[PDB]
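Got a structure for you, questions after.
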Amino acid sequence: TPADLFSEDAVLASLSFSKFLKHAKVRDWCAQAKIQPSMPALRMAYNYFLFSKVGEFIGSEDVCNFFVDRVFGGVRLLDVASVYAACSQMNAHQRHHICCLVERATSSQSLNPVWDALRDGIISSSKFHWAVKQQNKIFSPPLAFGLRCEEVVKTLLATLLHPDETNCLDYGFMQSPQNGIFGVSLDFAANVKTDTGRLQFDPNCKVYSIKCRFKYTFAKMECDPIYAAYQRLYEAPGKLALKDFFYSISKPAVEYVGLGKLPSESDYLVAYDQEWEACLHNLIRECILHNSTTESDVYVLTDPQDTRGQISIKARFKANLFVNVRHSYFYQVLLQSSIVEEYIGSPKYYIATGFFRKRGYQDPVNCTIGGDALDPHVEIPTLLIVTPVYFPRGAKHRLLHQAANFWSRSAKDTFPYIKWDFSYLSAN
RNA sequence: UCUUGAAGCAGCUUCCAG
């Protein structure tokens with residue numbers, strides 16, 4: 001059914017910013033000579049019509065209450081023109097407040113179809129690398145990672161790394177209040193504070209990017225090459241034991257780089273030290289300089305077959321493994337770091353990677369990750385590698401610019417009728 | 001039917017060769 005956001009009444013995902021901009025009423029509005037739509041003003045306007053329809057259904061009508069009782073001055077504005085004019089008059093504290101309400105309204109990581117309509121027309125953390133590469137879209141007119149990976153590694157971080165600090169597992173969609181052309185979601189964040197007032201980001205916190213490599217998913221069999229390397233690591237955890245574990249497969253997660261000699265889009269980890277030898281250019285060089293100092297944190301998890309189901313840190317050590325600044329993950333965490341900074345006005349960012357093993361017949365049915373239980377269908381976690389990510393300001397600014405120009409070019413090509421005013425956007 | 005090329009959201013997936 002044709003989902004109309006200007007009406008008075010799956011199909012919830014078809015309430016896009018693309019559908020809003022392509023709509024006849026908006027098309028007739030842009031047709032006037034005086035009309036020069038700016039960003040984030042049009043995005044903020046779209047956010048009203050989206051929540052005037054979805055808001056009542058999804059329970060909380062807080063987004064529209066702020067828009068009407070503080071942005072429209074009690075008036076329940078109905079037409080595009082009035083809503084845009086009121087939205088263009090919004091101050092930064094007001095745009096930020098709407099963005100937070102939207103984030104709390106979409107606090108269900110990836111189960112609401114609102115999330116689907118919200119992502120469209122925005123450069124998301126995942127999609128960021130593609131946008132900076134300038135490759136083809138932004139405007140478009142399964143759980144084999146959520147349950148199987150994210151959940152497991154999240155619980156691992158929640159109960160083993162930060163079981164003392166107050167943490168937040170599920171974050172909503174964080175649209176950029178400064179531009180409205182960027183939007184991220186946080187996998188996990190630890191040591192967070194709450195107002196009165198909802199959640200608030202503190203520069204003394206750690207934001208995690210939960211990703212995991214099932215390349216190393218081995219089976220407890222004498223023959224198995226990965227299992228052989230893991231056993232050596234389990235009863236002797238160290239820098240050298242990790243090297244055997246990583247080079248136990250044909251396409252490894254670690255890569256050797258000469259004198260900062262440039263890596264490849266192979267994987268997320270990279271090592272510059274001798275012991276790991278196995279067999280825009282300038283922007284890459286600037287990033288390598290910043291990431292080659294802080295070591296990766298490696299967690300060897302206890303075997304539930306040996307520790308009566310209780311998975312905990314058997315041993316923890318440091319590895320000279322750094323983030324691949326060419327790989328997607330770096331750019332994904334870059335965009336996320338940029339929006340966190342915006343919602344503030346710094347937190348430490350990391351890539352938490354899980355390493356597993358197949359569940360055997362002799363493995364306990366009921367397993368516990370510190371305090372909370374593990375699903376009997378999912379694979380057993382054996383290792384956790386926490387990699388710090390550092391972003392040089394100059395490089396971060398240069399990249400966000402390239403992506404913004406790509407958004408500017410695509411939005412002007414996809415929507416020819418809209419007399420876009422990117423002079424207002426030029427600030428961010 | 002597998003491993004070595006390449007390509008994209010994590011494993012798979014999409015085009016090959018031998």
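Each answer follows from the model by the rule given with it, or from the source it names; none is laboratory data. Virtual Cβ from ideal backbone geometry, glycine too; neighbours counted across all protein chains shown.
Collect the residues in segment A:211-258 that are among the β-branched types (V, I, T), part of a loop (DSSP other than H, G, I, E, B) and more than 29 Å from the chain's Cα centre (by Cα), keeping them in residue-number order.
If the condition is that a residue be among the β-branched types (V, I, T), part of a loop (DSSP other than H, G, I, E, B) and more than 29 Å from the chain's Cα centre (by Cα), then no residue fits.
Let me ask you something else. Testing A:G371 on (1) closer than 28 Å to A:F317 by Cβ; (2) touching a strand residue (DSSP E or B) at 6+ places or on another chain (Cβ under 7 Å), one condition comes back false. Which one is that?
The number of the failed condition is (2).
Can you tell me which condition A:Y331 does not meet? The list is (1) more than 22 Å from A:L242 (Cα to Cα); (2) more than 16 Å from RNA strand B (Cβ to nearest atom), and all the others hold.
The number of the failed condition is (2).
Which of the residues belonging to segment A:201-215 are surrounded by 13 or more Cβ atoms within 10 Å (Cβ to Cβ) and either among the polar types (S, T, N, Q) or within 16 Å of RNA strand B (Cβ to nearest atom) (or both)?
Answer for segment A:201-215, where residues must be surrounded by 13 or more Cβ atoms within 10 Å (Cβ to Cβ) and either among the polar types (S, T, N, Q) or within 16 Å of RNA strand B (Cβ to nearest atom) (or both): A:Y208, A:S209, A:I210, A:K211, A:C212, A:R213, A:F214, A:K215.
Quick one: count up the residues across segment A:112-135 that are more than 13 Å from RNA strand B (Cβ to nearest atom), surrounded by fewer than 17 Cβ atoms within 10 Å (Cβ to Cβ) and not acidic (D, E).
1
Would you say A:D273 is among the acidic types (D, E), within 16 Å of RNA strand B (Cβ to nearest atom), under 19 Å from A:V386 (Cβ atoms) and in the same structural domain as A:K412 (by CATH)?
When the stated conditions are applied, A:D273 does not pass them.
Cβ contacts < 7 Å: first residue outside the structural domain of A:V11 (by CATH), restricted to segment A:107-118; second residue loosely packed, with under 15 Cβ neighbours inside 10 Å, any location; separation 6+ or different chain. Result?
Hits for this filter: zero, empty list.
Do you know which of the residues in segment A:294-323 that are aromatic (F, W, Y) and out of contact with any helix residue (DSSP H, G or I) (no Cβ under 7 Å at 6 or more places or on another chain) is nearest to A:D372 (Cα to Cα)?
Restricting attention to segment A:294-323, the residues satisfying the condition of being aromatic (F, W, Y) are A:299, A:317, A:322.
Next, from what is left, pick out any that are out of contact with any helix residue (DSSP H, G or I) (no Cβ under 7 Å at 6 or more places or on another chain): A:299, A:317.
Numbers: A:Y299: 18, A:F317: 24 Å.
Result: A:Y299.
Among the listed residues A:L147, A:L78, A:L156, which satisfies the condition of being out of contact with any helix residue (DSSP H, G or I) (no Cβ under 8 Å at 6 or more places or on another chain), crowded, with 19+ Cβ neighbours inside 10 Å and hydrophobic (A, V, I, L, M, F, W, C)? If you could, list the steps in order and put the result at the bottom.
Values: A:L147 fails: crowded, with 19+ Cβ neighbours inside 10 Å; A:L78 fails: crowded, with 19+ Cβ neighbours inside 10 Å.
Being out of contact with any helix residue (DSSP H, G or I) (no Cβ under 8 Å at 6 or more places or on another chain), crowded, with 19+ Cβ neighbours inside 10 Å and hydrophobic (A, V, I, L, M, F, W, C) holds for just one of A:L147, A:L78, A:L156, which is A:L156.
Which residues, counting only those in segment A:259-270, are closer than 18 Å to A:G354 by Cα and assigned to a loop (DSSP other than H, G, I, E, B)?
Narrowing segment A:259-270 to residues closer than 18 Å to A:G354 by Cα: A:266-270.
Correct list: A:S266, A:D267, A:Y268.
Still on this structure: Could you please tell me which pairs satisfy a Cβ distance under 8 Å, a separation of 6+ or placement on different chains, a first residue in segment A:324-339 that is under 13 Å from A:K133 (Cα atoms), and a second residue that is of a type in the set (V, I, T)?
A:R326/A:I284; A:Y331/A:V132
Considering segment A:231-255 alone, what residues qualify as being more than 16 Å from RNA strand B (Cβ to nearest atom) and closer than 30 Å to A:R326 by Cβ?
Matches in segment A:231-255: A:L233, A:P237, A:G238, A:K239, A:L240, A:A241, A:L242, A:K243, A:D244.
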